[PDB]
Amino acid sequence: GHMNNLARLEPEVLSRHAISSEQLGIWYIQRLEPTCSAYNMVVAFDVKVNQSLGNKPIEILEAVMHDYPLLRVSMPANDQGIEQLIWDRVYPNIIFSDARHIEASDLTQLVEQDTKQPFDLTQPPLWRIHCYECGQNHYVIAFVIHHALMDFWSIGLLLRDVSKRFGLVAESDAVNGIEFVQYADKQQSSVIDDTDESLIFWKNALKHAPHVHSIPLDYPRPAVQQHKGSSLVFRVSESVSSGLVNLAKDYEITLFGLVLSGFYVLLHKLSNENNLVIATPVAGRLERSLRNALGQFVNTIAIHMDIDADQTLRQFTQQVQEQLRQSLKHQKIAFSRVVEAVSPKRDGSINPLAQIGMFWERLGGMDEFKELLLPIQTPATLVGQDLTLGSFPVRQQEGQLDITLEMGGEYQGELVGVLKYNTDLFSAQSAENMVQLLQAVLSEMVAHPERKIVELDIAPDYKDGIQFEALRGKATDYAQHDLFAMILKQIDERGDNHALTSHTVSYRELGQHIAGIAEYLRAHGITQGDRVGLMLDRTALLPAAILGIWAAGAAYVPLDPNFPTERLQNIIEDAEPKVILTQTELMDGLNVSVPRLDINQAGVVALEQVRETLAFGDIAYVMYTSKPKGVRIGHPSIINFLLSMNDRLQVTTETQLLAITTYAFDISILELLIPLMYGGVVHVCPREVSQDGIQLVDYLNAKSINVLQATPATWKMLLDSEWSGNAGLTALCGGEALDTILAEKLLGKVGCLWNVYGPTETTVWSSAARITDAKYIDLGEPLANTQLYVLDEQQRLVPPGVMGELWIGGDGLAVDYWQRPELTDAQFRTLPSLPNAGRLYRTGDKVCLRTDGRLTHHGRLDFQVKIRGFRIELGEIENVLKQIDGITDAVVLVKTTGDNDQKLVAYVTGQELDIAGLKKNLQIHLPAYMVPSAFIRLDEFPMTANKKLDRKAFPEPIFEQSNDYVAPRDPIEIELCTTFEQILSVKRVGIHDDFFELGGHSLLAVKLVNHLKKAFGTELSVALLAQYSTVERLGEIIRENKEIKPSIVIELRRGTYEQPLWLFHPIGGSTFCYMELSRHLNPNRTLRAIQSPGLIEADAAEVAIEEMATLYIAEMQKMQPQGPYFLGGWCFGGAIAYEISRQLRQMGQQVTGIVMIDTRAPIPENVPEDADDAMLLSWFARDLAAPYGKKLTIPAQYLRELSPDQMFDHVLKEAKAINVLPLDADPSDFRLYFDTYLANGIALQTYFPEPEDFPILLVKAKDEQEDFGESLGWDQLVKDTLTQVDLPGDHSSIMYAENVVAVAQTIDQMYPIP
Ligand SMILES: CCCCCCCCCCCCCC(=O)OC[C@H](COP(=O)([O-])O)OC(=O)CCCCCCCCCCCCC
Ligand SMILES: Nc1ncnc2c1ncn2[C@@H]1O[C@H](COP(=O)(O)O)[C@@H](O)[C@H]1O
Ligand SMILES: [Mg+2]
Ligand code: NI
């Protein structure tokens, strides 16, 4: 053993101190997430020794521990505060392991693993040393200090002092290792009132600062931050580094000033937000008396820049330097204090106020060590007589924020930096991107110093004219091919084989039907260029009609008969068709001034006889979409589309496609034609079957389909039926976003799955993704002769990792919007930015260009996904809901409320649901900012005629503004409430009020938790309180826990006066009736109330009052062993007080007085009427709810009709339904209440004390209708010493807020305290 001669001894505390406010925040984070290593400071060395080193290391270590008290510090959390304890002695935590067998690559990983082991800041030491034997006289030494204990400036002082001790440097400055606790103490004897001019500065600085930054993430953000992260080391070139130095001097700014400005500009371009908040450390060592002190002095300041893209870099950089200069005036105010004052919404998913940092450190005086402290390895050594030090870089302090930029170092003319990134949010490829973008910003800054921020472009020199070569589609001549010729060829070749299946039509028969329809049309006025309305049912004539209309030279305009007549009529108005091809039934359905042809009258004609006359025209169809927008599509688009689709689907003679989509939706083009291009079979699915889950499942298992295309809706319908899947099926899902849940479900049921995307204006689909893993969904890669561009609002190309608007170019563009040329000219453009792109369609889709060539969809621009600044990943919320058992489908929308405020609304459908528990579920899987403010259940989500979700149709939500007040309903909620009220100084806390929203803040939480694990006697944590911030939610957690029984004593108020007032429970056993009283009593008096054991442990309620009283007096005396006692109670509690007084005086104790609030004297006359079990249960139900001002009337006669077990269930169900029992109350819990009621009843019936003269304040409820005498009987027990006051109220309401104030004040006037 390497510590054989150090020896372990028993440490004792020398002195207690405060923690500085600079330590409080880091301490709290460590206590909030115990496995956090993000504040493990590491400095490590390659150490070669000589024989002469000897035992000097232990000798020196022991000397250093003696010299600097700070190293023997612990930070335990105690009563009403966190403490800094200096121990006389600490056993050093030195770990020595054999690494002689470990390759150098692995050794680094190992040291990084080892140093991340988390500290408990309450068990010393808060530092440790890791040694590795690498070879003989060859070691790696890693020193690890928790940042709560000291800062890097301190590390420097130690490094230099300890180096001198080992004889590595000649000189060392004096180090002070005791000043910090003094500094801590003098600090926490000071206020920082909310009037402090610096505190006001930060509130103003940060008031309008966003909740969370809008950089797009790679992953979905965890509900609770786990501080996992990684680091990327990079260097800025000598050219660009020198440039920066000079540019800074060519302005009036710090180098740091410059680079920070660079950083903001980067985040501006990355997130496209103009409000940005970056956090920077400050040394916090202005007082020179501190410049040699070991300690944690570093404060964080949150700089909040407003970016004006119109600013020149020069103007803007200076604007930063200035604000930075102002902010440094107010660095004295701790970040924890700023967070307290600003009071942002607490959210366990992010750091408050700021999630991006920039550290700039150079640290002078460390001249010999400068290269030994870089993030990169250097040949630099320190040679001493006994040993040599060498560079050993290890990744350290990862996970603090979302992103932290760490800079200040320089090496061989190059600025050295470390990009730190949270690995739960960002991929490594994204980090590299960020570094590359950062590099680009600094270059373009020294290049073009006078340029306007907006005109500055970070994005890669896309020399090819494309952002990635993926986003450009394979070049062919598909758009030149003849579609008609292919189908004609198949008609010759395939012969009498099947073609359509509705009454099966052969290819030969199909040719006849095309001829016959085309000829019929020709005969009745139709020519090339005309437009034919097409109003048909899903028969075998449908595809024949399309091809017939085409062969006649005409274009068809879909008029689906299932669409609303006024919708059909609007299209017909706009499209102005020459005729409408329809069937016999439908001829005079529409009231339109447009001729109609019964397609059933078209004959069959031999194709041979009319082939010369058959040609396609230029236009294929006019398809309408969301005034009416008819998109005109030409045949070269369509043939380009179909051929490009065959490339993927590999359509063959044995292909068999179930066509289900309306021909009034362009994607039907694929389903109706592409088998006919290759000899396969189109199955025209009848509308009824496509809209009926089981009926569709049936037609699938039967007719042996191997290709199916549909929108998500149909797939969901299919899965919601008992569909066994089809492992040969090729599936296409398009038209709407494929969420990860459907994807993982589809994948397990289908052979091949395609996500397929495209607007109508670029011909069915433009791109397609072969989906293989649900966690990776995107818009795929382009079809042939198609190009995809992601542009900003300036129609410039975006940098990778940035969101923009998708634009599409290629052979797929529409001809135009039908007779809407202004619109066409606005939507179909060439762009100066893309001069080789040609004509482009502008989708109005929000698409993120990934660091990958991947396009991920984020849905439109007309749809608001912004709230309070930051933006919402609506799909991530939806994904969670769907995973909840019961929920079948969910849609989350952003909606506006009253004063231009936006809130999340979640719509759900499902078999059986409990809206109540939904919010609690989401709370523990999403960030706070992504939790919906409203849950609306629907039977079915509204669809479009296309079978997509019709978001515009979802009902507008109605928000509950304030949270409804609800009084605590059980002993746990009762204590929790009192505890909240007291700590927050809030007069009255409801069980749905949230700790932090009531004014709570992080240091208070620690107090609260400390108060609780005394009051409950178990280990509660600040994480629990963080995640469960309401009495209700927290009550649940505590309650579920079988290892925690409360005390029968509740402190309602700790006052200053010596003497407590003790209150005793009424018949029910609870102390709720005293809560409101306690709020109006003079707060200088301590109040304690006792509840029955019976409410906590089973069969524990006492049944004789005399025994009850003894038990309670013992409980009392543990807190108040002597003095004269002050007792009282409402109702039965008064009688308990009477008997307690009797026993107290038999013990020689004095009783100052008894408060009785409408107590009926314990005399025979006042005993209740005899009740059967039903009546007792009826009474209990009444008395249970009365304290809450609620009337719960359960007639004994109703109860007698039921069996006993049915009775208790009935009362329980009824009590819960008016909210006077917690929602999770088992029958077990209910028997606890009822049994206590029964016990106290029996006690009442057997208690009849002899007369006795105690000083009694009898407060009579002067409005109670039941008669018990002027004195409620007390004149028979107490003659001379009874003071009676009659006050407004009845026996119950006397204790209600309106009436109980006068009760409280009667007491305070009668039993005064200074
Ligand atoms: C957090 C502050 C604490 C300050 C403590 C002062 C430095 C004390 C370093 C103590 C390391 C103890 C390791 C040890 O006892 O092993 C002796 C080892 C040979 O062991 P063995 O194989 O004979 O059993 O032989 C060796 O491995 C010797 C290695 C010596 C390394 C000296 C490092 C000098 C640089 C100081 C930098 C301080 C930075 C904060
Ligand atoms: N696979 C897909 N993923 C996401 N959005 C899609 C997909 N396919 C189509 N869309 C959207 O659906 C729109 C159709 O236009 P509209 O009929 O006006 O809703 C397109 O412009 C796209 O925004
Ligand atoms: Mg569309
Ligand atoms: Ni050892």
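Residues numbered from 1 in each chain as written, not as in the entry; some residues may be left out. Chains lettered and ligands numbered in written order. Heavy atoms only, no water. Residues with missing side-chain atoms left out of burial classes, pairs and counts.

The PDB entry lists the chain under the name Tyrocidine synthetase 3, with Acinetobacter baumannii given as the organism.

A. Seen up close, the site of ligand 2. Taken together, 15 residues lie around ligand 2, and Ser626, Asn755, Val756, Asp845 and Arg860 are the ones closest in. Within the side chain of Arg860, a nitrogen or oxygen atom sits 2.9 Å from an oxygen atom of ligand 2. At 3.5 Å, a side-chain N or O of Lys948 approaches an oxygen atom of ligand 2. About the coverage of ligand 2: the protein hides 85% of its 500 Å² of free accessible area. Counting residues per element, the shell around ligand 2 draws most heavily on strand β29 (residues 750–757), which supplies three residues. By residue class, the composition of the shell around ligand 2 is five nonpolar, six polar and four charged. (Near = heavy atom within 4 Å. Polar contact = N/O pair within 3.5 Å; in protein donor to acceptor, adjacent residues only side chain to side chain. Areas by Shrake-Rupley, 256 points an atom, 1.4 Å probe, with all protein chains shown as cover. Helix = DSSP H or I, 4+ residues; strand = E, 2+ residues; numbered from the N terminus. Nonpolar A, V, L, I, M, F, W, Y, C, P; charged D, E, K, R; others polar.)

B. Representation of the sheet that holds strand β43 (residues 1087–1090) in the model. The seven strands lie next to each other as β41-β43-β42-β44-β45-β46-β47, forming an open sheet whose pairing is mixed. On the outer flanks of this sheet lie β41 (1049–1053) and β47 (1282–1287), each paired with one strand and no other. The sheet shows a mean angle of 20 degrees between the axes of neighbouring strands, direction not considered. When strand β42 (residues 1061–1064) meets β43, the two strands line up parallel, connected through four bridges. Bridge pairing in β43 places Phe1064 opposite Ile1090. (Pairing = 2+ DSSP bridges. Axes fitted to C-alpha atoms, helices over the stretch in contact; angles between N-to-C directions.)

C. Fine view of the site of ligand 1. Around ligand 1, the structure places 15 residues, and the nearest of them are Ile58, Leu61, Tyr139, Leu159 and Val162. Surface burial for ligand 1 is 87%, taken as the share of its 950 Å² of free accessible area covered by protein chains. Where the shell around ligand 1 is concerned, the elements lending two or more residues are α2 (56–67), β7 (127–135), β8 (138–146) and α4 (152–165). Residues of the shell around ligand 1, tallied by class, amount to 14 nonpolar, one polar and no charged.

D. Seen up close, helix α3 (residues 104–115). Relative to the 16 Å expected for twelve residues at 1.5 Å per residue, α3 spans 17 Å between its end C-alpha atoms, a close match to the ideal helical length. Where α3 is concerned, the buried positions are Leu107, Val111, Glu112, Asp114 and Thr115. Down the axis of α3, the sector holding all buried residues measures 165 degrees, keeping them to one side. Those residues of α3 that are exposed and aimed more than 90 degrees away from the buried face are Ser105, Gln109 and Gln113. Against β2 (40–49), β7 and β8 lie the buried residues of α3. (Expected span 1.5 Å × (residues − 1). Buried < 20%, exposed > 50% of the residue type's maximum accessible area, 1.4 Å probe, protein only. Arc of directions from axis to C-beta. Contact = heavy atoms within 4.5 Å.)

E. The arrangement of a negative patch on the surface in detail. A contiguous patch of negative charge on the surface is contributed by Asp306, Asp308, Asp310 and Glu455. Among the structural elements, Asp306 can be located in strand β11 (residues 299–306). The class for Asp306 is partly exposed, based on a relative accessible area of 43%. (Patch = residues over 30% accessible without salt bridge, like charges linked within 9 Å, V, L, I, M, F, W, Y side chains within 5 Å. Salt bridge = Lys/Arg side-chain N within 4 Å of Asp/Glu carboxyl O. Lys, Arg positive; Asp, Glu negative; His and termini not counted. Charge placed at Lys NZ, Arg CZ, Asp CG, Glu CD.)

F. Helix α17 (residues 635–649), seen in detail. Look at α17: 21 Å from first C-alpha to last across 15 residues, which is about the 21 Å you get at 1.5 Å a residue. A large share of α17 lies buried, amounting to twelve of its 15 residues. Of the residues making up α17, those classed as buried are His635, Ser637, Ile638, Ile639, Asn640, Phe641, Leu642, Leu643, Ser644, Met645, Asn646 and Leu649. Looking one or two residues beyond α17, the residue adopting positive phi is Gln650, at roughly 55 degrees.

G. Structural detail: the pairing of strand β46 (residues 1256–1261). With six of six residues buried, β46 lies mostly within the body of the structure. Both faces of β46 are covered, namely the face carrying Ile1256, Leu1258 and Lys1260 and the face carrying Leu1257, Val1259 and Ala1261. As judged from the four bridges shared by strand β45 (residues 1151–1157) and β46, these two strands associate in the parallel manner. Each bridged residue has a counterpart across the sheet, and for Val1155 the counterpart in β46 is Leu1257.

H. Geometry of the packing of helix α33 (residues 1173–1185) against helix α36 (residues 1227–1245). For the pair α33 and α36, interaxial distance at closest approach is 11 Å and the crossing angle is 105 degrees. Between α33 and α36, the interaxial angle falls into the category roughly perpendicular. Judged by residue contacts, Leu1176, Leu1177, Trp1179, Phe1180, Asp1183 and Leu1184 of α33 engage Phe1230, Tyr1233, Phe1234, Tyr1237 and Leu1238 from α36. (Parallel < 35°, antiparallel > 145°, perpendicular 65-115°, else oblique.)

I. Inspection of the environment of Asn176 at higher detail. Here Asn176 is to be found in the loop between α4 and α5 (179–187). For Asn176, a relative accessible area of 19% gives the class buried. When the C-alpha atoms of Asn176 and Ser289 are compared, they prove to be 9.8 Å apart, with 113 residues separating the residues in sequence.

J. How the structure looks around the pattern of salt bridges. Following the criterion strictly, the structure yields 49 salt bridges and no others. Here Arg221 makes a salt bridge to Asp402, at a shortest N to O gap of 2.9 Å. Of this pair, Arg221 sits in the loop between α6 (197–206) and β9 (229–236) while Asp402 sits in the loop between β14 (387–391) and β15 (403–411); the two residues are 181 residues apart in sequence, bridging distant segments of the chain. The exposure classification of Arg221 matches that of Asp402, with both residues buried. For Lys1118, the salt bridge is made with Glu1115, and the minimal N-O distance between the two is 3.5 Å. On the accessibility criterion, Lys1118 (63% relative accessible area) is exposed. Sharing partners across several salt bridges, the network here consists of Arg969, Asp970, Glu973, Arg1039 and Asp1224.

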